[PDB]
Amino acid sequence: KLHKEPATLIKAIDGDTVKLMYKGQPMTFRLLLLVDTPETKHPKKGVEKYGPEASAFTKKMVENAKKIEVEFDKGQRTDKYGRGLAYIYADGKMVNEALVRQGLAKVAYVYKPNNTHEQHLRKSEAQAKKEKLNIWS
Ligand SMILES: Cc1cn([C@H]2C[C@H](OP(=O)(O)O)[C@@H](COP(=O)(O)O)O2)c(=O)[nH]c1=O
Ligand SMILES: [Ca+2]
């Protein structure tokens, strides 16, 4: 079973990459199962169509949260770049899914066993497509 753990915001970096104080140590966390478009991609040098709105949305959601919690999946907790891989919740709402529901990020990098909430995010993504939101307009 997965479970939520306390984390302190240190800084939001873009739509899907946030730096958090987790168990007393500063580290970059990357949101599982998403590809926010970037604010500072690498092919793209930077700023994507919808990458800066996905960044603003996560920035406000974590900045204004009363509390942040991280939820690791059941596979590896870290990727090759040493970023923590988690579902992040702000006030009990999953930032991963809110981005996807808004049509501000797409579901991507699905590596089992790290896909417990994959179907939940694919649903939210289907609805953002139906309603034609943002990247899907
Ligand atoms: C979300 C996620 C990304 N990644 C890797 C895939 C991509 O590697 P490559 O850089 O080699 O293409 C990169 C994309 O991350 P970003 O979207 O943050 O740039 O991070 C994982 O390995 N596992 C994951 O769960
Ligand atoms: Ca990104």
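Counting begins at 1 with the first residue displayed.
Cβ atoms are placed via backbone N, Cα and C, with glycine included.
Positions annotated as Ca(2+) binding site by Swiss-Prot: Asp16, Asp36, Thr37. What Swiss-Prot records for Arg30, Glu39, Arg83 is active site. The compositional bias 'Basic and acidic residues' annotation in Swiss-Prot covers 117-133.
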Quiz item: Among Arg30, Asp36, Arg83, which recorded positions lie by ligand 2, judged by Cβ under 6 Å to any atom?
Solution: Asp36
Quiz item: Counting only other Cβ atoms and using a 10 Å cut-off, which of the recorded positions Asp16, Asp36, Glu39 scores lowest?
Solution: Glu39
Quiz item: For the recorded positions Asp36, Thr37, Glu39, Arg83, which residues place their CB under 6 A from an atom of ligand 1?
Solution: none
Quiz item: Excluding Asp16, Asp36, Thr37, which residues of the same chain place their Cβ within 8 Å of the centroid of the Cβ atoms of the recorded Ca(2+) site?
Solution: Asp14, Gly15, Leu34, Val35, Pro38, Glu48, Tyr50, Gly51, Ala54, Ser55, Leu99, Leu104, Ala105
Quiz prompt | Least buried by Cβ count (within 10 Å) of the active-site residues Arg30, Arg83 | solution = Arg83
Quiz prompt | Residues that sit under 8 angstroms from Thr37 (Ca(2+) binding site) by C-beta distance, when 6+ apart in the chain | solution = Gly15, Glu48, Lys49, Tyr50, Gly51, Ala54, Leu104, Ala105, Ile135
Exercise. Report the DSSP secondary-structure composition of the compositional bias 'Basic and acidic residues' (117-133) as helix, strand and coil residue counts.
Key: 13 helix, 0 strand, 4 coil
Practice problem: Between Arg83 (active site) and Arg30 (active site), find the distance joining the two CA atoms and give it rounded to the nearest Å. | Solution: 6
